[PDB]
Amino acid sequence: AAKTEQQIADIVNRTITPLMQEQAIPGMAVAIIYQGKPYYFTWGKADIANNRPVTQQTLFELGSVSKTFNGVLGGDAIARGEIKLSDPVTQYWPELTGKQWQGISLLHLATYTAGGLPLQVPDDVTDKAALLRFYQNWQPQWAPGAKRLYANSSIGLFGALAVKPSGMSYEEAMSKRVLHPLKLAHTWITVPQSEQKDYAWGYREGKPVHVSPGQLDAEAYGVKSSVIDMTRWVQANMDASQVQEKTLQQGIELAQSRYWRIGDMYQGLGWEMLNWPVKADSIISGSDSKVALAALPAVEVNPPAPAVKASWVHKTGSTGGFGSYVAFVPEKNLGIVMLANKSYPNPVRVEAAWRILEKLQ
C-alpha cells in the first residue's frame, strides 16, 4: 500500500532518531523520494553555538558526493564531443611529460584505474606548480586497467582536464552546464557572502569546521548543497528524460553507464552501481574503509554497459565535519539523501539508508 506521509515519517524518525543519538550528531537533513515524490526531514542544528537549526535550505558539505557532479559534468562534455574517455591524458595537459603517462587515458583518471594514483594529493602540494611536479614524478604501482584504487587525485585530475576544451574553469562549467540547467540555486562550490547564513558548521571533536582549500578540492570533494537541492539532483539522475538539455541528459546516462566490474559492484562516472535487488551485506560491508579504500582487481566492461533502471546507484562522501550519503533505485523511483554535519562511520549511514528504504519497497 502507498505509504502515507505519517507512516513514512514513522520509519525515518524511527531510524534516524537513534543514529544522531549514538553517533552524537548535531544536525541532520534527510530526504526520501517515495514514488518520485519528495518528503523532507530535518533534525538538530546547523550551528550548535549560535543556536540555529537544520533548515530545508541549510547548506551541507557533500564531501565525495561532489564526485557525482564531476562525472555528470564530464559526461555532458563527452556528449558534446568535447572529450573522449579514450583520449590520452597528455592531450589535455601536454606540459605533463613522462612515459608513466603514455598509456593512461581519460577513462583511467575518471575511474581510478590509472595505476594507483593516491587517495589524496600530498597537501605539501599547495599550488599548481607543485601539482605538475607531483604528477611528473608519480610512480605507478600497476599498469593501467589492472587494479582499482579509489582516489581524489585521479578523478580530481579528470574534472580539471575534462573542462579544458570548453575554455571555462571547473566552477564556471559546473555552474553554467549543470547547476543552472537543473536549477540548483542552492548548490555551490564557492558559497557567497549572501548565503553564509545557511551554511552549516561541521563538527569535529566539538569544533565547528569548514573544508579547506586544496588542489582539486572542487572536483573531488568541495560542493556545498542543500537537502532541497540534493533531492532535485537525485531526481534528475534517477531519470534524465526530465532534463531538457540534450547534452546534460546524455551526460547523466553516461555517468551511470558501467565501465568496470569490481566484484558485484560496477563503476560509472562518480556514481557506483549494483544490480538490484541487492544483498544488504554487499553494500553495507563494501562501504567499509577496508574494501572501499582498497586496491582491487577490476574487470573492464568495454564497450561500457548502459545505465539500467534495475541498479542501486549511490555515493558516499566525507569531510572533516561532514558525513553525506545518497542512494536511489531508478526502477522503483525511491531515493534518499542523508546529510549530517559530523563525520561518522560509512556503513552506519549505509545500513541506515537501507533500513528505511527496505521498509518502503
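Start at 1 with the first residue shown and count on from there.
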| property | result |
| --- | --- |
| Between the two ranges 96 to 104 and 189 to 197, the one averaging a larger CA B factor in the entry | 96 to 104 |
| Mean C-alpha B-factor comparison - 352 to 360 and 2 to 10, higher one | 2 to 10 |
| Deposited CA B-factor, highest of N237, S287, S175, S154 | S287 |
| Which of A298, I48, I336, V301 ranks first by CA B-factor in the deposited coordinates | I48 |
| Third of chain Cα B-factors occupied by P118 | lowest |
| Assigned third (lowest, middle, highest) for the C-alpha B factor of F322 | lowest |
| CA B-factor placement of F69, once the chain's modelled residues are sorted into thirds | lowest |
| Chain-wide C-alpha B factor ranking for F41, given as lowest, middle or highest third | highest |
| Lowest, middle or highest third - CA B-factor, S212 | middle |
